[PDB]
Each structure stands twice: as structure tokens, then as C-alpha cells.
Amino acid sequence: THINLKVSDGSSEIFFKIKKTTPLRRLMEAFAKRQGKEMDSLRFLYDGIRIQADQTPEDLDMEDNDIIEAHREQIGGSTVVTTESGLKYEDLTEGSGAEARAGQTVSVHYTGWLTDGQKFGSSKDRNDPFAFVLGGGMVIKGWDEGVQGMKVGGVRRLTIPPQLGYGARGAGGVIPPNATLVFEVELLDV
């Protein structure tokens, strides 16, 4: 009557036990919400086929310990850029207006995760935007570099190697030495 399912996006892996007659909506919402996102930002595939919120394990002939693969889809497309430092960035949404430049004070919202999907931080927790002088050395190097060129309204995903993050030290009782960090940064003002 019930099966176990694993949902993975390549980083976060979440395990669920679900009645076979239960629609996949709750499971899908749960996975999305754990990344601080709305369900409609993701696409969930079973056996290469896209799952819809109203379908059940029964409708799809799912078995115990099956896997659902989760991906974000941007309708715009996906282009990930590697810079000379080894920083990677992907504009999920492009903003409007002038590009943020070195020396400007910027205000952003962000969420940060480890490569196992664990959230270590977010400005949305206290609903308090984060401000800093871009290129001023008051944030990790991945940020001083990666927020350059964003426009207001833009959402940019940064993949930050540890020499551009917290290096050998880690941070916050959460990020260990030599960790790669993933942030989604939204530029609010420049």
C-alpha cells in the first residue's frame, strides 16, 4: 500500500514514504520548499518522464525505493560561464538597467547551500537584505567577483570553489574546510 521514494537534484537527496494512491503534489512541494523555492520552479522526472502534481505512484507504476530526479528549468535556457578564477555563474533571470560595478554599494537577497544540498544561510530568514560594497573585500571573493555584471531584478547562481569562499577554515559551524558553495543571489538595488 505504501512505497519509499528518493528525490534527488544531484545535490539534495530527500527520502519520502508515500501511499500509492496519493498524488505526488505534497512530495513535490516538500522537496521544493526545502530549497526555499516554489514547486513551479522545478521539474520532476520519473524514468525520464515529467511528473505532474496530480499523478500518483500507482498511475506511474512506481516501486519501492524508486528515484525521482529533480531539475530546475528556466524557460530562457541555461548557460553556465566559467571565469578565469574557476568561479561559475548562471543567470537564472537577467535584470534590467545598468550592470553592477566594482565600487558600488549593492543590496541583495541570497540563499547559500553546500554541495550536499544543505542550506547554510539566507537573507530571507530574517527578511533583511544584505548590503555590501562590490569589490571591497567585505565578502567572500566569489561574491565580489560574481555579483559584478548583475542587473537589478537579476537572479544569478554562483558556484564558488573554496579558495573563493571560506578555504581551509570553513564558517558558521556549518561550512567545512575546502567546500564548494552554491548561492542564488538576487540583486535588489545598485
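Position 1 is the first residue in the sequence shown; the rest follow in order.
**Student:** Does the comparison with other entries of this protein show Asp128 left unmodelled in at least a third of them?
**Tutor:** Looking at the other entries that model residues on either side of it, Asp128 is missing from at least a third.
**Student:** If you average the CA temperature factors as listed in the entry, which stretch comes out higher, 18 to 26 or 165 to 173?
**Tutor:** Of 18 to 26 and 165 to 173, the stretch with the higher C-alpha B-factor average is 18 to 26.
**Student:** Would you tell me which stretch averages the higher CA B-factor in the PDB entry, 94 to 102 or 70 to 78?
**Tutor:** Comparing 94 to 102 with 70 to 78, the higher mean C-alpha B-factor belongs to 70 to 78.
**Student:** Could you check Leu42, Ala131, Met150, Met138 and tell me which one carries the biggest Cα B-factor in the deposited entry?
**Tutor:** Of the options given, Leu42 has the highest CA B-factor in the PDB entry.
**Student:** Split into thirds by Cα B-factor across the chain's modelled residues, where does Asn65 land: lowest, middle or highest?
**Tutor:** Within its chain, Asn65 is a middle-third residue by C-alpha B-factor, going by the deposited values.
**Student:** Thinking about Cα B factors across the chain, which third does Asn127 belong to?
**Tutor:** For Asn127, the deposited C-alpha B-factor lands in the highest third.
**Student:** If you rank the chain by CA B-factor, which third does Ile3 end up in: lowest, middle or highest?
**Tutor:** According to the entry, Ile3 has a C-alpha B-factor in the chain's middle third.
**Student:** Which third of the chain does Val185 land in by C-alpha B-factor: lowest, middle or highest?
**Tutor:** According to the entry, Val185 has a C-alpha B-factor in the chain's lowest third.
**Student:** Rank-wise, by C-alpha B-factor, drop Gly142 into the lowest, middle or highest third of its chain.
**Tutor:** It belongs to the lowest third of the chain when residues are ordered by C-alpha B-factor.
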